[PDB]
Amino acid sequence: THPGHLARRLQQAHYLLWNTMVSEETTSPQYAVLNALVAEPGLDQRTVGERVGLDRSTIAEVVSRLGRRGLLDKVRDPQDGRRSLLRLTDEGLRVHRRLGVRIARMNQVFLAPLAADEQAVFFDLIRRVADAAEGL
């Protein structure tokens, strides 16, 4: 059987579709940051890292890259000088919108070999397996 092998395949297959149907340039974590900042403009970097579940070094790297692409701006907080506020640029908003449409299409294509009834089973079974393993 080999369910460890199968789980890695499933995750890799999703990563492959992200790269072919969403973007070869914007990664999933980068998009999550744009997404968090659409919902909460001006959120500080530390909190943005928390929203998307990234450590301080990875969020620093993501923010630097999005900054260099002109997709977000970073301002030192006027009040607390040792936090930085992040805000999307006009182009960052545009990129977030375009990618969102592609992501929705991509995930529909990912699940498309399954009939609607099977997709619900797919989620149920995988959730039960992941939940039980993480519950020890």
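The numbering used is simple: start at 1 and walk along the sequence shown.
- Averaged over their C-alpha atoms, the temperature factors of 58-66 and 97-105 are higher for 58-66.
- According to the PDB record, 2-10 carries the higher mean C-alpha B-factor of the two stretches 125-133 and 2-10.
- Of all the options 90, 80, 40, 73, the entry's greatest CA B-factor is assigned to 80.
- Sort the modelled residues of the chain by CA B factor and residue 111 lands in the lowest third.
- In this PDB entry, the Cα temperature factor of residue 85 sits in the top third of its chain's modelled residues, the highest group.
- In this PDB entry, the Cα temperature factor of residue 20 sits in the top third of its chain's modelled residues, the highest group.
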